[PDB]
Each structure stands twice: as structure tokens, then as C-alpha cells.
Amino acid sequence: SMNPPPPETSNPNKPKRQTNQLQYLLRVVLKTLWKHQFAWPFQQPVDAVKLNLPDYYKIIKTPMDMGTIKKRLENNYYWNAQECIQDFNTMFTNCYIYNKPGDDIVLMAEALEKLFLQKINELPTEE
Ligand SMILES: CCOc1cc(-c2c(C)noc2C)cc([C@@H](C)O)c1
């Protein structure tokens with residue numbers, strides 16, 4: 001029933017780089033999803049205490065949210081695009097695992113995921 005510590009967003013010993021794909025993931029992908037009308041539940045870790053979801057973190061062992069993704073991208077946390085893409089997919093999948101078809105949050109995830117897919121479909125070639 002308690003909240004876990006949030007995922008890490010900084011690790012000074014992780015090697016970093018700034019690729020055109022990672023720049024796209026921030027400037028296009030994250031920006032598009034973050035501004036969406038359905039973004040709000042996903043802009044920070046699930047607060048299982050405030051939401052009274054005492055079994056959330058019993059079921060979800062790899063939490064992810066866009067607040068975390070945003071900080072990771074802004075801190076150059078990633079080495080490659082695939083790591084960031086995996087974070088977004090973890091976020092969606094968590095929502096699908098925990099929730100039920102047709103729940104509001106699932107419809108929201110689905111809308112964001114459709115936009116995600118459209119954007120990732122045009123991920124630029126690494127230069
Ligand atoms: C600030 C978080 O607000 C919400 C969080 C959820 C949520 C998430 C994210 N993952 O599982 C649940 C439940 C669902 C809803 C509303 C849309 O019902 C709102």
C-alpha cells in the first residue's frame with residue numbers, strides 16, 4: 001500500500017550522449033504526448049497512497065511515467081533511442097496490466113500510444 005521510491009532519473013557514472021534520435025524523442029515524442037488532454041495521469045509516478053490503490057505496486061514491478069521520462073531525456077540519461085522507447089512501452093503496458101479494458105485510464109493510454117506510434121514511425125535515421 002506504500003509508494004516505492006521513484007525510478008532513477010540521474011546516474012552520474014552512466015555514460016551519456018546526445019543523438020538526433022534522442023533529441024527527437026524529447027522535442028517531438030515527449031512534447032506531443034505531454035501536451036495532450038489525456039497526459040495528466042501519466043505526468044508523474046502513480047501515487048498509490050493518494051489514489052488508494054494499495055495493490056498497484058504489488059502488481060507493477062517496473063513503474064514508469066512520463067515525468068520520469070521527461071527528466072531522463074532532459075538529464076541526457078539515455079545512451080540510445082531504444083532505451084527511451086522501452087520506457088514509454090513499459091508505461092503503457094503497466095496501465096494495460098493493472099487496469100481493465102474500457103477503463104478511462106486505458107482509453108487514455110490507448111490515445112497516447114497511438115500518437116506515440118505515429119511519431120516513432122518517423123524517428124529520424126541516426127546521423
Ligand atoms: C494523477 C493520477 O490520476 C489518475 C491515475 C489513474 C491510474 C493510472 C495512471 N494507472 O492506474 C490508474 C488507476 C487513473 C486515473 C483516472 C483516469 O481514472 C487518474
Side-chain angles (χ1 to χ4, degrees), residues 1-49 51-81 83-99 101-127:
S1 61
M2 296 155 68
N3 293 318
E8 67 166 32
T9 52
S10 134
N11 182 334
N13 276 340
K14 195 172 180 304
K16 314 299 204 297
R17 45 177 205 170
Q18 183 48 305
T19 73
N20 71 301
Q21 292 183 338
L22 282 166
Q23 290 176 326
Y24 179 90
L25 276 156
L26 180 54
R27 175 61 179 83
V28 174
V29 184
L30 186 280
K31 186 189 178 292
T32 297
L33 270 63
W34 187 267
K35 72 189 185 188
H36 193 278
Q37 289 206 109
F38 293 162
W40 59 276
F42 301 100
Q43 286 175 333
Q44 56 290 309
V46 172
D47 188 337
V49 173
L51 297 171
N52 189 203
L53 302 172
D55 66 344
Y56 185 81
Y57 291 112
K58 173 59 179 185
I59 292 157
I60 300 305
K61 309 305 196 182
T62 70
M64 194 43 64
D65 65 279
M66 298 199 286
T68 298
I69 293 166
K70 182 171 177 289
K71 286 178 182 157
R72 281 177 175 198
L73 280 164
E74 286 170 354
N75 297 353
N76 305 290
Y77 181 81
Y78 300 114
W79 189 257
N80 69 40
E83 290 175 320
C84 178
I85 290 166
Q86 177 64 74
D87 284 348
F88 277 97
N89 283 323
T90 296
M91 179 183 75
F92 296 130
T93 298
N94 290 347
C95 178
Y96 306 144
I97 291 169
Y98 183 76
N99 298 284
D103 283 350
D104 286 333
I105 193 68
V106 171
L107 300 182
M108 294 167 91
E110 283 174 341
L112 300 171
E113 191 185 12
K114 178 183 186 166
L115 280 173
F116 175 73
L117 287 162
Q118 292 169 325
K119 300 299 180 192
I120 292 307
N121 185 50
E122 300 190 304
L123 186 74
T125 296
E126 189 162 32
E127 66 186 7

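Positions are given from 1 along the sequence. We count ligands from 1, going down the list as the structure has it; atoms in each ligand are counted the same way.
In this structure, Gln43 does not count as a contact residue of ligand 1, since none of its heavy atoms falls inside 4.0 Å of the ligand.
Here is the list of ligand 1 atoms found below 4.0 Å of a heavy atom in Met108: 17 (C). Counting atoms of ligand 1 from 1 in the listed order, those under 4.0 Å from a heavy atom of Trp40 are 3 (O), 19 (C). Those atoms of ligand 1 with a heavy atom of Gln44 less than 4.0 angstrom away are 1 (C).
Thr68 contributes no side-chain N or O that, together with a main-chain N or O of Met64, makes up a donor-acceptor pair within less than 3.5 Å. No side-chain donor-acceptor contact under 3.5 Å links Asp65 to the backbone of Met91.
Ring pair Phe38/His36 is tilted by interplanar angle, where 30° to 60° counts as tilted.
Remark: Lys71 fails to qualify as a cation-pi partner of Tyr77 under the 6.0 Å distance and 45° angle criteria applied to the six-membered ring.
Looking at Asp104 next to ligand 1, no N or O pair under 3.5 Å apart turns up.
Scanning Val46, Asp103, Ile97, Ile105 for the heavy atom closest to atom 7 (C) of ligand 1 points to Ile105.
Note on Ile97: it clusters hydrophobically with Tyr57, by side-chain heavy-atom contacts below 4.5 Å among ILVMFWY residues.
When non-hydrogen atoms are compared, ligand 1 lies under 4.0 Å from the side chain of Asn99 (C-beta onward) but not from its backbone.
Between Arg17 and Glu126, at least one side-chain N (NZ, or NE/NH1/NH2) sits under 4.0 Å from a carboxylate O, which counts as a salt bridge.
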